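Okay, structure first, notes after.
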Amino acid sequence: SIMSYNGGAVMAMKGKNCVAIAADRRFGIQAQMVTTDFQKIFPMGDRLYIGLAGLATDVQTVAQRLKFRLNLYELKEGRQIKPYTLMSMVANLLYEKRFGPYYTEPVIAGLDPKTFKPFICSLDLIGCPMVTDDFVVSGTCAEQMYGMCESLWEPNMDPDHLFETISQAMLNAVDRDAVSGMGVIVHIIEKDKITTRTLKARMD
Amino acid sequence: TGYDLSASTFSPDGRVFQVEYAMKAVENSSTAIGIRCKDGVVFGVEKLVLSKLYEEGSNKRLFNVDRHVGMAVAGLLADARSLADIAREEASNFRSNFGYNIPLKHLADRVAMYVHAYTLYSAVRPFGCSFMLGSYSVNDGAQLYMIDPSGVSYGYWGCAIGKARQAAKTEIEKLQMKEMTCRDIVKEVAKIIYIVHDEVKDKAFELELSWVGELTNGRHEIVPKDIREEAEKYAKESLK
Amino acid sequence: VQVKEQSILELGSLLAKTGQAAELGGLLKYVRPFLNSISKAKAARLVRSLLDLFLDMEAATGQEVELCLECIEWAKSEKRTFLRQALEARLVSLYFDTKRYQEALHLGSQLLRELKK
Amino acid sequence: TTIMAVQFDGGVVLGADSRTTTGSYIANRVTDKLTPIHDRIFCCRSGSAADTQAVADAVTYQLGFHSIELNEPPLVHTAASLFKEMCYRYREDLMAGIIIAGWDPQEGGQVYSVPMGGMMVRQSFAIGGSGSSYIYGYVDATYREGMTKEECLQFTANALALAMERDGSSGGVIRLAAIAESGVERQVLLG
Amino acid sequence: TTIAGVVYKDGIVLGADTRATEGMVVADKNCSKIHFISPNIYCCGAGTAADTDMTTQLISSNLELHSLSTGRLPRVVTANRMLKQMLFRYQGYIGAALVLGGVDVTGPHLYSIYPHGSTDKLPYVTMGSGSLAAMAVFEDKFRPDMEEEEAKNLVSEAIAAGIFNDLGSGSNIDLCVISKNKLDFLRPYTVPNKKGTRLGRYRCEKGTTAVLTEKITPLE
Amino acid sequence: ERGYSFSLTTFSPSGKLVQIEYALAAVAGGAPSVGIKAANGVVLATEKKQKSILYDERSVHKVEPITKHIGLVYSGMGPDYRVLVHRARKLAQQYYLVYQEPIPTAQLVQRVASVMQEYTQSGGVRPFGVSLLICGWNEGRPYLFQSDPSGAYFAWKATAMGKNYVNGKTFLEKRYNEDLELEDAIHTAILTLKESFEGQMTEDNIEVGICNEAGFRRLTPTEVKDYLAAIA
Amino acid sequence: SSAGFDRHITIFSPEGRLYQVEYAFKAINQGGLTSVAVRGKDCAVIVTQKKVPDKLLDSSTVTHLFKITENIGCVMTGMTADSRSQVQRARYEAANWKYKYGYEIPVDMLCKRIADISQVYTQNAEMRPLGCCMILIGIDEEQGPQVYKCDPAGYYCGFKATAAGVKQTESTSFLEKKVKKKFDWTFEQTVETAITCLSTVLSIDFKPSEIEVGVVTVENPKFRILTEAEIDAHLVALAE
């Protein structure tokens, strides 16, 4: 399909006082990879990230248009953006292209700028803001990712076991998929600092 | 002065001189009267001939807007032919959307709004026209209306437009209105045109009469003028 | 709350009409913490009104100047501007009723160093 | 859906069923198919549902403004013209069958028919709708010229009852309305 | 998706499930399908998710704008007229199957709105995928002029029939009671389905994942 | 119109703008008003008179709400006030449709003054003759801003406008302190409005709106009759 | 004084005023007419005389009492051409309230829509500000009767009993003396004061042929223009 034209997988999981996000590292055209270092997670400030999947054009375009509106917002005001406001901003930008949409499915995972409270949500290709309290997934290999997180999730998780859970969730779901792979990157963020790790995946 | 250049400005005491100026432009024009009897409306226009200056029957001021609606314009003649196109065009769109004939109460209103719209802006000027609307209908009787350059439009039994305004309606009200057939009114119109405007300034003058009512089945047309010619024969019986 | 407000105001209006100051002045000493239940500007009209009904009973000046100094030193502790000004204005009116000589004029000079400021 | 309109010496008599279907499911048992435009002029709508509700509001808007300005009760033929102008202009976008029937002070009682093409024709009686094809023979052998009001009420009651029985898309309950010079008499029957 | 609504003697009871499926996979175990319009009018939506969101926020904007200008109160017929005039303008290309209900100065009113623009005034309506199951309970069990507890028992019975007999409805029951003065909004009302517990420890020790390259960035 | 669009406000040879200074003259001769910001809420107090006993007071309102927590009064002229109220009403909606969040009070005043400035540079029109006082209790801290016919915003602790505003300005300069409560702020707001008032100060001669952190609230005349007992 | 073109277009003066709009307030007084509105406890009376200068003029097409909607009537003062333009706007936006919103427009909300339009004409400098007044009546649900007044500046407010036209400062001075003495107001108590105020200010003691009464009632919310017979019935009844 049009979503299956390049492939992709974005997962975000809520921890205790921290949130983790992950994606794969493959850019290809339907059978033929091109590179191994395609970026799909974009920073939108501190302790607030966004992941994009779907068509690789709309991955790059929407991440630029969102950055266009975001830098204007933080200059017209004095503060940073709250994660609800970002979700409403993205759902506006998708619904404007109602008839011909951007073929993407964004996943937002960040913390509070006022406290450390974690936040996760995901959207459709037209902007239905679905929030959860455990995890959100998006991409072509979606059902495999539900096979992990329904089976591997606990409520109160330190960032160690949060890392070990989302790493085993991605490596088993992606390596069942045919058009996703070639490496997994994991950002685990919290109140103190931000940790970026790259896992050891199957390179086929 | 200083306040009398645009139609957008007011006077320091609160009137608009551009409307005031256009009103006395119509006053310096020839006399036209209109009167309704109990089953119709009769139009009468004194029309001046200088020496020859045209045919016999050029530039008539008895326009014919709808199948049952007449005109008796007086004033600046070029603007009068504009309103006749506007009033014609208005009655057609009433026929198109709806599909019974235009009532005369609307056609007074719809035109006078377009007159009033030219009394607001500094772009356009007020019209220099004034006219009569005459109709007949078996559901509504006859009605007679009257528009000024400001836009104030309402009903009359007998009105008169031109130089002889107060001098002509002095003796219109001497007559009766309900106890009259319009065929009697036709020769009653012609004496008043013959009474007023002595030929001191203008020797030659015509007399065009138009006539809508019960006998013409609501259709508006000119009187049979060369036919039977009883108006002027009766009109010149008033030598003393 | 309000049913105890109108019950004590009922008893407070009872103690005034009958004519005893020990039962009334004991009540005025009692309701001093209750002033921190209402608006700091609505309380002062009530204190004014209760002070007048205390004074318009009988010329017994053994305790009238004594209750005034209680309320002023209470306002010196509580630090309200309008309260202490309301008490001083009554107190100097009381001294002129008693025809005092310097301490009326000393006090009135002290207020004008603050009131017109 | 079956609509019905019969005129008589006074005013007119209207009637319709109440059953709204979404193809094999009854979305609504009871429906006001008929609509007050003005105090003496009704219509009774058929075909689509979103379309006919859209047109009947706009005609009620335009006729309401026109009658206040003219300061008289309007004509039934005037209201029939307004349905014609919209349904002919948007005949590519509207599937609407309207019967306009109402009393008028000038010309008594009138019944018009605006079918899906967008034409207009005055009739003595007029039927329409998806169930109206089943009562052509009955309405031609039973109609007689010069009926009273109560004969027309009995006439439209039997006519709607047959089509409701035989057609599947028509049924529910019968709504009737008698418009005259005096008032509007609305009633709901069964049988 | 299964929504319903009914009018009892005083107020209006609304109700819905909490499940948004994407294709044939449950995407949300707890959605929210009863929307705010005014302090006396709520609405329930079905069909397309985003098209019911952005529509019901627009109308709640305009009625707040209208009622703050008049200064009085919104009316349910006003919310009905704005919706059917908007949806007809877009020729039915906006999938929004609504249920509108609220209490005015006149009284309680209940409305069903179809995405082409056709609307109805009924004492009880059901919309959604499992709407045919819900209408079976309403018709077999309804009487005019019920009580509040009779109505709340009825709607929760109708929603539960939509869950247990349909694949589009699978979770908790929401309700909302809008009387002339009282507004109750009960997001957990009944949990008919739990989740079975886990019987196996799957967590391995920390460090059971191979890491190529780590990176630390301190913050403020 | 035709396509004229020529700005009728140009610079003086001195280097000032003439019409804006004249528009400020209309504001200074308007009805007096006062606003006080007092560390838990903000209080707006205007001064409403009636030339007869024939007018109605339940009809024209001066304190006007905007969202649910943002109030607004004025001191200039009347018909121009209602224009930019309806403008600001719609202007707070495009914030709430997009961001799904109540608009901050600083964000309105950037947008309202941008409406008002851009209105003066464009052609064929005169400036407004209204100054505003906007308030609101957003994110804990309350706020109080002031606009003008030029289109410039400020951030007052306590200001006044209308007639005799300099007299009310010096009065608040001695009356206001670092902090009060909300009720003390209402008591000094009636005190400064009673400076330039007339003899009848009833529940109808003044009109008071507050902003709690609980929200905007407009005071009914019953409490204003009850709160005016031993006023000032 | 005058700076720039402050006597001509709607801009400001150095004194912080403007002049065109306050010229328009005494553009009403060239009409030469006075209208009185009185609201009672369950009614609302509008009374206005008419001047008939010509016998050749109808007694039907003259009266300023207009009907906006079935529950809202009005009266117009000022000039006539600007008045009927104002009424068609009010008729037009009353109907749009029905089509957009569904229910009948309140009489209060209509005066906002009118005063906004008069604001803009004041506001943009290249157009005329329409000098004519406006008075409305009508019955609101759970609010009783209302009386409002739009102005050509663009403001409105409610009233209890307020006249307009030529004579206000004598007419409003009498109504204040009538209201503040706290009398009863039922129906005929309200009608009789609306006559006698206009009777004593104009000092006419007329024949029942000039004035028209446009009362609305709680029991009958339809706007109703009274018959000349029953107008004579009230006048002889208050006569002792």
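Things to note:
When the chains are written out, they are named A, B, C, D, E, F and G in that same order, and each has its own residue count from 1.
Everything that follows uses one rule, which is that a contact is a pair of C-beta atoms (placed from the backbone, for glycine too) under 8 Å apart; a residue touches a chain by one contact, two chains touch by 3 or more.
Set side by side, the interfaces A-E and E-F show unequal numbers of C-beta pairs in contact, with more at A-E.
Each chain gets a centre from the mean of its Cα atoms; the one farthest from the centre of subunit B is C. Centre to centre, using the average C-alpha position, subunit C and subunit E are separated by 62 Å.
Averaging C-alpha coordinates per chain places the centre of subunit F 32 Å away from that of subunit G.
Separating the CA-averaged centres of subunit E and subunit G is a span of 50 Å.
Separating the centre of subunit D from that of subunit F, both taken as means of CA atoms, is a distance of 57 Å.
Shared interface positions of subunit E, defined as residues touching 2 or more other chains, are 69. Across the assembly, subunit A contributes no residue in contact with two or more other chains.
Not a single residue position of subunit B touches two or more of the other chains.
The touching residues of subunit F, when paired with subunit E in their complex, are 65, 86, 89-90, 93, 96-97, 100.
Across the interface of their complex, subunit D is touched by residues 84, 88, 92, 114, 116-120, 122, 132 of subunit E.
Across the interface of their complex, subunit G is touched by residues 1-2, 4, 8, 18-19, 22-23, 25-26, 28-29, 52-56, 58-60, 78-80, 82-83, 86, 124-127, 129 of subunit F. The residues of subunit G lying in touch with subunit D in their complex are 67, 69-70, 88, 91-92, 95, 98-99.
The touching residues of subunit B, when paired with subunit D in their complex, are 97-100, 103, 105-106, 139.
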